[PDB]
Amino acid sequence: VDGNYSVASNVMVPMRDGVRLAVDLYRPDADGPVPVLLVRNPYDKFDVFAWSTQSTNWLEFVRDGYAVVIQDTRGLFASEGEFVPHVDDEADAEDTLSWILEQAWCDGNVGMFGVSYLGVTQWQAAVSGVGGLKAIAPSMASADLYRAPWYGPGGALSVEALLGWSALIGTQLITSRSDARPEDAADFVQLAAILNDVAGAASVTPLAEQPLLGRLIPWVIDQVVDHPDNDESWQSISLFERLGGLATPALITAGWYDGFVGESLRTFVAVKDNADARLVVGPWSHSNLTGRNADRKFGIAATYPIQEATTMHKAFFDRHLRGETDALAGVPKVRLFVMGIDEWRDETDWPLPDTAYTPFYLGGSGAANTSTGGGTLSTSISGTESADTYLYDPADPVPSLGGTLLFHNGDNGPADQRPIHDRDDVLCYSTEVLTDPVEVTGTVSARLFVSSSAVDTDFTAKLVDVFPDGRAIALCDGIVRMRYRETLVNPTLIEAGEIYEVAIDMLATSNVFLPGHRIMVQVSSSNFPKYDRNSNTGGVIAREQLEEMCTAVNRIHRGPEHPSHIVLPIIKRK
């Protein structure tokens, strides 16, 4: 009967190596075989409520005649084997899709959907080149684990994401015990303490000393902390280079304040020429999809639109798994929540056609130190050669406030930056108050002329919308670790005192700066614990004691010969 279904629990699926992963089968009451959707989950396939609110009302897929298979990843919950993040997911996904394709209830069409880790696993599945996989729908995900979520395009560790997540997995590994242990109760306590104070956990030096996390999940040190360079161990798990060879349709969701935003958007650009790719980007952080934050409310239309998302996914799967060639009629290619005007808007492509990548140059009379300095932004090159100078002290890094934080206060993306505006290592440059709106929608970067007294250091750039009432709301930001200025692969040190031109990848945003606002950029050398703190030594940063680290006199050069700027993706619609 239409609308009706059954659920079978703990169906054991054998992988190539004989290890068995558990799945749940949600199968419609059907005459013959049906199209199937697979979800690969490390947070317990039974616990559907935990993730699904960030995704789709997918029981609608089942009522509409799709089968849905939810799987425990290797070594977790009801699955056999050992869990190590990422390393087994290509093969296990391949083996699982094959098994599904071989079932009596599968009609030869398979798709995938899901958020975060349930999104990363879809890219890992799509590179298997299993013919029967017809579409994927990776939400808030990445195809390059170095670039998101563990490190970044800047070559700094996303330490708060690392320790926060490891503590969560740790908690699970315990609560899911094969056989309970005496140290479980106390370990649980230590894990909660990390999660109540991720900045605290990130502050212990040497960073590589993680007695609890290293014991529960050795990968935290063995893979992540020990591999600062984007090396073979990372390229081994990266999917990105293989994406351009695929012809798999992908429905891709991202959030402007989501740790994955940069990589999510990159995946869209990589697949769009070869297959039907779609893009939806709302003003969300990884853990806050509500549209509401402490100092910024985006309106009820900003709340993750779960029902519209369900409808969109269903049309997408109807088109690619069912061959319904008109199923996506009237569905936009790209749908963005444009902040400022706080409205959803349809677009034909990402990057937007008719993006004007426009330099806004750093300038001003006197020092740009603090928000009350004389720092300016202007579309004209500055007339006079100047330099802003500050001391970066690793023992006092600039605290993280909003942006793309994941586990350390990850629920306030558009955070008011005022609490750090009186600090001497936070350089501020702003336009005059705008009398006409300025829309910035696209990828954002800065080109800075910099110098240090140290042989390595960081430089950060942050785009900020300054409201009439004084709120200085964060939009997007990035970091460059100077040893990685040229490459994430073969780092080299710098000469103290030499001026370098460096690029800062500031990810992406969509914001209209309305009349009465200002475009503002904050420049510094730290952003902790979003990123780990540079020791200013040129050493193996994660192996250094705080005491071993050095302060740095860092300098931003600006003027005719050193035209430091932010490149803004200007959109003009009249």
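Start at 1 and count along the sequence shown; that's the residue number.
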Worksheet, complete the sentence: As the entry reports it, the stretch among 413-421 and 320-328 with higher mean C-alpha B factor is 320-328
Fill in: Mean temperature factor over C-alpha atoms, higher-scoring stretch between 374-382 and 169-177
169-177
Worksheet item: Which one, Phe188, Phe268, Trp256, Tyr429, has the peak C-alpha temperature factor per the PDB entry?
Response: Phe188
Worksheet item: Reading the B-factor column of the entry, which of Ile499, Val338, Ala143, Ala156 has the highest value at its C-alpha atom?
Response: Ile499
Item to complete: Grab the CA temperature factor for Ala474 from the record and place it in the lowest, middle or highest third of its chain.
Response: lowest
Fill in: CA B-factor placement of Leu546, once the chain's modelled residues are sorted into thirds
highest
Worksheet item: Among the chain's modelled residues, which third holds the C-alpha B-factor of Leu101?
Response: highest
Worksheet item: What third of its chain's C-alpha B-factors does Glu60 belong to: lowest, middle or highest?
Response: highest
Fill in: Among modelled residues of the same chain, the CA temperature factor third for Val127
highest
